[PDB]
């Protein structure tokens, strides 16, 4: 039977942000920090922002999309707590990043998004927190449309770090699943959902990332068939699937069935080209035999 482990490793390589874009992302994220720091020093020095890279970039699971888009999440914290609405802190950050050359900001519900014409964006979730060095205190996320929400971005990173330890295939599995979401889109869940599901339900097959992904898909399906949910570690009741009606759930679980069916056929294929086409159908066009 065809062995596609090498093709999976090369696919993982193709999913990485390119050298040029990663340097531009980091340079831009440093420029944004200085721009925000200068804005508050000039206009509201009573509040001092501090920063913490979070999300996939901090966890080491970032992929570029099929359009070569990529991003970085940089949390913007105000300590101690400003006694203003969350939308007020967001508006100031939005005003601060406005005017960045080659970029246009967008005020999302839970972050300020800075879209760069060069093909990347930086998301700036805004937080307030009372104490500078207290990991037992969870920060409050600013929300445009409502009240602050308790959040635990650092706890997610710690949790995933413990799952990654002695387990380097996990970041590859998360990357494969994120590329699956990036290929189908529409009803598909976000990358954080793939991080949680792969970490909880991972199955291992040393030397065969193709078999490992197949086994992990079936493990995820078994868990979600019993209880269709995806709770964020450290934040109970933060269920990433809580808004999914029966239609969206059925669409996702049907796509998971089809992925599993084709993965089974690929693993049992003698023809390496056919096997690669079955995987590529769901993982996207950066997967190939050549």
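Numbering follows the first chain given and starts at 1.
- Per-stretch averaging of Cα B factors for 246 to 254 and 228 to 236 places 228 to 236 on top.
- Annotation for 278 to 286 versus 20 to 28: the higher mean temperature factor (C-alpha) is found in 20 to 28.
- When the Cα B-factors of 137, 210, 182, 95 are read from the PDB record, 137 comes out highest.
- The top Cα temperature factor in the record, among 170, 87, 114, 117, falls on 117.
- Looking at the C-alpha B-factors along this chain, the one for residue 51 belongs to the middle third.
- Ranked by Cα temperature factor within the chain, residue 259 sits in the lowest third according to the deposited record.
- When the modelled residues of the chain are ordered by their C-alpha B factor, residue 59 lands in the lowest third.
- Split the chain's modelled residues into thirds by C-alpha temperature factor. Residue 100 is in the highest one.
- When the CA B factors of the chain's modelled residues are split into thirds, the value for residue 1 lands in the highest one.
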